[PDB]
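A.B. asks: Protein chains in written order, with the entry's author numbering: chain A, 78 to 617; chain C, 21 to 130; chain B, 20 to 137.
Think of the CB as a built atom: it goes at the ideal place given N, C-alpha and C, for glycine as much as any other residue.
Before I ask anything, let me first share the structure, which is written out below as structure tokens.
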Amino acid sequence: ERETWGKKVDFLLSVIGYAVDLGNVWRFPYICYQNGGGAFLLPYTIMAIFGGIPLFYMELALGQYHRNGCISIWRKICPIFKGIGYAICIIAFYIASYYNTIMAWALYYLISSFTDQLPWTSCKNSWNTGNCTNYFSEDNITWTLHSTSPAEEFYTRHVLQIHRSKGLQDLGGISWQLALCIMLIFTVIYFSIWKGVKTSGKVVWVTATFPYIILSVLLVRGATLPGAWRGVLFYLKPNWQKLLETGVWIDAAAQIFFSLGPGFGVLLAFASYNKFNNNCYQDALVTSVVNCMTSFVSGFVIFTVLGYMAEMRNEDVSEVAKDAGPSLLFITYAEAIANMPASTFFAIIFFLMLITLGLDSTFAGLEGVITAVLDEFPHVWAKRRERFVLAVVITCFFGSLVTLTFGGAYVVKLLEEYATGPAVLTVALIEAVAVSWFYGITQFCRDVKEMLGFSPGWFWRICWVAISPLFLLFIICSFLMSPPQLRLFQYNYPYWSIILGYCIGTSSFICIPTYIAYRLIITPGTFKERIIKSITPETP
Amino acid sequence: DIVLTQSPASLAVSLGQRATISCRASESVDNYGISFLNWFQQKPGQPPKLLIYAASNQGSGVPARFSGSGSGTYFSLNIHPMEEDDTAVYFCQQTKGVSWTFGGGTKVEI
Amino acid sequence: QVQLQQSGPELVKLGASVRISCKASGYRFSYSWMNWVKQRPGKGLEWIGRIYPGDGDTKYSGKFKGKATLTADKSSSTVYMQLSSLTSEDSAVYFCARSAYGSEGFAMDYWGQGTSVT
Ligand SMILES: CCCCCCCCCCCCO[C@@H]1O[C@H](CO)[C@@H](O[C@H]2O[C@H](CO)[C@@H](O)[C@H](O)[C@H]2O)[C@H](O)[C@H]1O
Ligand SMILES: *[C@@H]1O[C@H](CO)[C@@H](O[C@@H]2O[C@H](CO)[C@@H](O)[C@H](O)[C@H]2NC(C)=O)[C@H](O)[C@H]1NC(C)=O
Ligand SMILES: CC[C@H]1C[C@@H]2C[C@H]3c4[nH]c5ccc(OC)cc5c4CCN(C2)[C@@H]13
């Protein structure tokens, strides 16, 4: 068969819907900008080949073989490493306080932009402004120090009232206007996983890949907008001092594992919920490359518009947002819409398509934790199915009121550097060691050929045993020695947040020896005899 | 058009005593912590002059004889070092939405 | 120190139209609002409207929604208040106050002498 372009339209656009996330649109432009642009792109293309793609391919192979969720994949592999799945459930609780709040900030801009007069265009004493210059060159205003744009003033005081909180040690009350905005999101999420029928259908077209093809028109505006020739040069600076000892590779380790999928246990249920594809080496290789390609375009439109800020402020590109945290997307897109001619209508379009692109990473993102826990109470879910799906939403809601307060960005950064960085990286290390150093690559190599019939490459077989556990161990060894301290919104850091940071990073690390110590005294025999009886797989 | 009424009408002159004036905020709160409220002096024949902005900060050039307090509905005014020169009328203004108005105004005379 | 002066007093005909000047310099003109305060002799104060320079926005109190007209000019740094449908109550002292620079919205002691019309 030739398999002409009639399949190519149906296939390639369906890969885009499974690739682009908010980790490719929101996380990646900000993680290039935290450690200096250009210095991140070259460690991005090396860590993805050596550490991202072989772990992206490993979880899809074990999903089609054992046909279970990530809680109960390990019972057919090694029964003492069941706490890895419990480490997935305790990390995914921390993501629901980290990732659902960014959705709550996206729907708030949709409500506050029905007016023909956009609030981003001026700082006209509307809610809380002052020391602001809206017209950069439209009313020949020169730029001075300690000045803020109205695109930043609309964020830093309207939606997230930062000045209410003096720091991380003192948080205010609860904002009534934002807490009712996240309530509408969890209503849609609960009314979407109520049945959960999505394997390969045509809902992937409208939900994800059609908002992406309309998001690419922002790059057309950035070409017309000035400062682009001095803007895109900052993204492509290959020379940087000491990319081996500083510790910017954990910014690459956390970004790749948040964008591709492995680490969060979402791939062990996604490859178990479909059928035998028989093209896993040819589908996941295209998907993992285009996931960096759908993130390269979104990592290119942001620094183009930030060159327009650096041009009319007469400052450096790294001088524009020196201490601005994870809200770089809600400032760059805040200015890039107001400079368009159709600023009123396109603000509704560009933000509503950002909502549907984020919900697909949540409607299918909960598949790694809801489907996986179905294999633990088999005789209970016949009268529990209305309860625990509702119970996990309310539990994640009540765990998210620590960051729906006025000091929101003081908690979102803490759940980014410590809850996503080392915690997902450690679980992905134990997932690779226990499948190769303990379960053995000999049994795993015969399991791939049963579903495919094609032998894995000699370049691939050296990765899961020696190469990929070496890079994951070097980053953790470089993290415990180096101070993880950063700076955010003219606030240095408190010293007690660092000790709090390692407590969150070891909150998932403590669950894995807990289940191993649970298997200590419950088995009889000699101490050397109890171990072999514990690591022996089950019998059907 | 949120209305506002001042609860006294006129006070006497006695040096070193308490003089407080409250405002009506039956449908009025503050949105961003810094309390949206103003105070103004106006001598007879003179244009109005700022006394206390944001109900807690000292005005530009005004000495420490005047200091405001309160949070929410009823707001205070400390005129405990009462001065003979302060024989004027005082006003109260809202700065929330398009509702800018003034109260009835209270003067002071022995 | 920001200079802010006004025009002189003017006479009032029945149902005519007036034009009150408000000149102010030494400050960023298209940065803040401009207040217009109505005060009858003997009565209290009354707010009329506001205007942001650069043809930004005009909000009225409601009593002068079709009776007052505010214009702005970034070149001359002056604003104008066109009144219509004059009566025996409109002849009073009008003020032209500059608003705050930001976070509160107060008056920055930048007031005029009062264009008293009668
Ligand atoms: C004024 C405030 C406006 C707030 C606006 C918020 C955005 C509007 C809601 C967008 C989300 C709902 O949009 C869409 O809804 C449908 C049905 O309702 C869901 O459901 C759809 O997909 C699921 C599986 O994915 C299928 O089982 C289902 O048959 C199909 O209808 C989608 O998953 C969601 O993408
Ligand atoms: C606008 O200007 C004001 C006045 O200079 C700034 O307020 C000061 O900011 C610096 C740091 O930026 C602080 O160290 C000072 O303590 C601030 N002064 C006061 C009295 O608080 C303000 O930060 C500027 N920028 C805005 C409002 O965005
Ligand atoms: C598909 C790509 C995955 C890789 C990162 C983590 C993961 C995940 N799992 C979750 C569990 C619960 C939850 O409640 C709102 C959200 C998530 C998310 C966030 C969306 N993404 C990014 C997925």
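#1: Does the contact criterion of 3 or more C-beta pairs under 8 angstroms hold for the segment 144 to 155 of chain A versus the segment 447 to 461 of chain A?
#2: Could you run through the segment 197 to 213 of chain A and flag, in chain order, every residue whose CB is less than 8 angstroms away from some CB of chain C?
#3: Between the Cα of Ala331 (chain A) and those of A:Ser91, A:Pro120, A:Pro614, A:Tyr592, spot the shortest distance and give me the residue it belongs to.
#4: What distance in whole Å lies between the Cβ atoms of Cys258 (chain A) and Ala181 (chain A), which are believed to be in contact at a cut-off of 8 angstroms?
#5: Would a check of beta-carbon distances place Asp109 (chain B) closer than 8 angstroms to chain C?
#6: Using the C-alpha atoms, what's the distance from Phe341 (chain A) back to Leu362 (chain A)?
#7: Can you give the beta carbon distance from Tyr312 (chain A) to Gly115 (chain A), rounded, assuming they're within the 8 angstroms contact cut?
#8: Hey, out of A:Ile599, A:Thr600, A:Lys610, A:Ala138, whose CA is closest to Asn356 (chain A)'s CA?
#9: Between the Cα of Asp400 (chain A) and those of A:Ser336, A:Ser372, A:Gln562, spot the shortest distance and give me the residue it belongs to.
#10: For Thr115 (chain C), which residues in the same chain have their Cβ closer than 8 angstroms to its Cβ, ignoring the five residues on either side in sequence?
#11: Using a Cβ-Cβ cut-off of less than 7 angstroms, list which residues of the segment 29 to 52 of chain B approach chain A; keep chain order.
#12: Which residue wins for smallest C-alpha separation from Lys319 (chain A), given the options A:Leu245, A:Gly113, A:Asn101?
#13: Give me the residue from A:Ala415, A:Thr421, A:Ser375, A:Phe423 with the minimum Cα distance to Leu296 (chain A).
#14: The alpha helix (DSSP H) spanning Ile130 (chain C) covers which residue range?
#15: Taking 8 angstroms as the CB-CB limit, is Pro64 (chain C) close to chain B?
#16: Looking at chain A, which residues of the segment 80 to 94 of chain B have a Cβ within less than 8 angstroms of any of its Cβ atoms?
#17: Assuming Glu65 (chain B) is part of the beta strand (DSSP E), what are its boundary residues?
#18: With 7 angstroms as the C-beta to C-beta threshold (strictly closer), list the residues of the segment 216 to 247 of chain A near chain B in chain order.
#19: Using the three-state DSSP reduction, which class does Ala330 (chain A) fall into: helix, strand or coil?
#20: CA-CA distance, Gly484 (chain A) and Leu248 (chain A)?
#21: Give me the chain C residues within the contact set of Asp74 (chain B), using Cβ-Cβ distance strictly less than 9 angstroms, ordered along the chain.
#22: Just checking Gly68 (chain B) against ligand 2 - is the residue's beta carbon closer than 7 angstroms to any of the ligand's heavy atoms?
#23: Do you know how far the Cα of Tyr186 (chain A) is from the Cα of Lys63 (chain C)?
#24: Compute the minimum distance between the beta carbon of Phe428 (chain A) and the heavy atoms of ligand 5, and state whether it is under 7 angstroms.
#25: Name, please, each residue of chain A whose Cβ falls closer than 9 angstroms to the Cβ of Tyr52 (chain C).
#26: Which same chain residues, not among the five before or five after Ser242 (chain A), have their C-beta less than 8 angstroms away from its C-beta?
#27: What residue does the alpha helix (DSSP H) around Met430 (chain A) start on, and which one ends it?
#28: Are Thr137 (chain B) and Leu33 (chain B) close, meaning C-beta to C-beta below 8 angstroms?
#29: With 8 angstroms set as the bound, which would you pick, yes or no: does the beta-carbon of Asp21 (chain C) sit closer than that to a beta-carbon of chain B?
#30: Please list the terminal residues of the continuous alpha helix (DSSP H) segment that includes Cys588 (chain A).
#31: Return the CA-CA distance between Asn351 (chain A) and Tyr142 (chain A), expressed in angstroms with no decimal places.
#32: Quick one: grab the DSSP three-state call for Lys275 (chain A).
#33: Report yes if the CB atom of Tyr120 (chain B) is closer than 8 angstroms to the CB atom of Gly207 (chain A), and no otherwise.
C.D. replies: Well, looking at it:
#1: yes
#2: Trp204, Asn205
#3: Locating residue 331 (chain A) in the first sequence gives position 254, counting from the first residue. Residue A:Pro120 is the option with its Cα nearest to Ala331 (chain A).
#4: As a position in the first sequence, residue 181 (chain A) is number 104, starting the count at 1. As a position in the first sequence, residue 258 (chain A) is number 181, starting the count at 1. Yes, they are in contact, since the Cβ atoms of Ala181 (chain A) and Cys258 (chain A) sit about 5 angstroms apart, within 8 angstroms.
#5: Along the third sequence, read from residue 1 onward, the residue named residue 109 (chain B) stands at position 90. No, because no Cβ of chain C sits closer than 8 angstroms to the Cβ of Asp109 (chain B).
#6: Here the question's residue 362 (chain A) lines up with position 285 in the first sequence. Here the question's residue 341 (chain A) lines up with position 264 in the first sequence. Cα to Cα, the separation comes out at about 19 angstroms.
#7: In the first sequence, residue 312 (chain A) corresponds to position 235, counting from 1. In the first sequence, residue 115 (chain A) corresponds to position 38, counting from 1. That pair is a contact at about 6 angstroms.
#8: Mapped onto the first sequence, residue 356 (chain A) falls at position 279. Considering only alpha carbons, the answer is A:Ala138.
#9: For the purposes of this step, residue 400 (chain A) is taken as the residue at position 323 of the first sequence. Answer by Cα proximity: A:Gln562.
#10: Within the second sequence, the letter at position 95 stands for residue 115 (chain C). Within the same chain, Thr115 (chain C) has close Cβ partners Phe56, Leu57, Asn58.
#11: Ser49, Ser51, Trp52
#12: Against the first sequence, residue 319 (chain A) aligns to sequence position 242. Residue A:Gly113 is the option with its Cα nearest to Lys319 (chain A).
#13: As a working mapping, residue 296 (chain A) is identified with position 219 in the first sequence. For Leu296 (chain A), the nearest C-alpha among the options comes from A:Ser375.
#14: Here residue 130 (chain C) refers to the residue found at position 110 of the second sequence. From DSSP, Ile130 (chain C) is part of no alpha helix (DSSP H); its letter is neither H nor E.
#15: Walking along the second sequence from the start, residue 64 (chain C) turns up at place 44. By this cut-off, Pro64 (chain C) is not an interface position.
#16: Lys93
#17: As a position in the third sequence, residue 65 (chain B) is number 46, starting the count at 1. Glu65 (chain B) -> beta strand (DSSP E) spans 65 to 71.
#18: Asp216
#19: One-based indexing of the first sequence puts residue 330 (chain A) at position 253. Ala330 (chain A) falls in the helix class under three-state DSSP.
#20: Your numbering for residue 484 (chain A) matches position 407 in the first sequence. Your numbering for residue 248 (chain A) matches position 171 in the first sequence. Rounded to the nearest angstrom, the two C-alpha atoms are 6 angstroms apart.
#21: Here the question's residue 74 (chain B) lines up with position 55 in the third sequence. The contacting residues do not exist; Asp74 (chain B) stays about 18 angstroms from chain C at best.
#22: Here residue 68 (chain B) corresponds to residue number 49 of the third sequence, with the count starting at 1. No, the beta carbon of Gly68 (chain B) sits no closer than 7 angstroms to any heavy atom of ligand 2.
#23: Translated into the one-based positions of the second sequence, residue 63 (chain C) becomes position 43. Translated into the one-based positions of the first sequence, residue 186 (chain A) becomes position 109. Near 46 angstroms, if we compare the C-alpha coordinates of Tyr186 (chain A) and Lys63 (chain C).
#24: Here the bound small molecules are ligand 1, ligand 2 and ligand 3; ligand 5 is not part of this structure.
#25: Residue 52 (chain C) sits at position 32 when you count from the first residue of the second sequence. Per Cβ cutoff of 9 angstroms: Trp204, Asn205, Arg234, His235, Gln238, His240, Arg241.
#26: The sequence position of residue 242 (chain A) within the first sequence is 165, counting from 1. The residues are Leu248, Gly249, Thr482, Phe483, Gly484, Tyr487.
#27: As a working mapping, residue 430 (chain A) is identified with position 353 in the first sequence. Here the alpha helix (DSSP H) through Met430 (chain A) covers 420 to 440.
#28: As a working mapping, residue 137 (chain B) is identified with position 118 in the third sequence. As a working mapping, residue 33 (chain B) is identified with position 14 in the third sequence. Their beta carbons are not under 8 angstroms apart, which means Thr137 (chain B) does not touch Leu33 (chain B) by this criterion.
#29: As a first step, residue 21 (chain C) is located in the second sequence; it is residue number 1 there, counting from the start. Yes, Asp21 (chain C) lies at the interface with chain B (some Cβ there is under 8 angstroms from its Cβ).
#30: Within the first sequence, residue 588 (chain A) is the residue found at index 511, counting from 1. 588 to 595 is the extent of the alpha helix (DSSP H) around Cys588 (chain A).
#31: Reading the first sequence from its first residue, position 274 is the one you call residue 351 (chain A). Reading the first sequence from its first residue, position 65 is the one you call residue 142 (chain A). Rounded to the nearest angstrom, the two C-alpha atoms are 12 angstroms apart.
#32: Numbered from its first residue, the first sequence carries residue 275 (chain A) at position 198. Of the three classes helix, strand and coil, the one that applies to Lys275 (chain A) here is coil, per DSSP.
#33: Your numbering for residue 120 (chain B) matches position 101 in the third sequence. Your numbering for residue 207 (chain A) matches position 130 in the first sequence. For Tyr120 (chain B) and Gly207 (chain A), yes; Cβs fall inside 8 angstroms.
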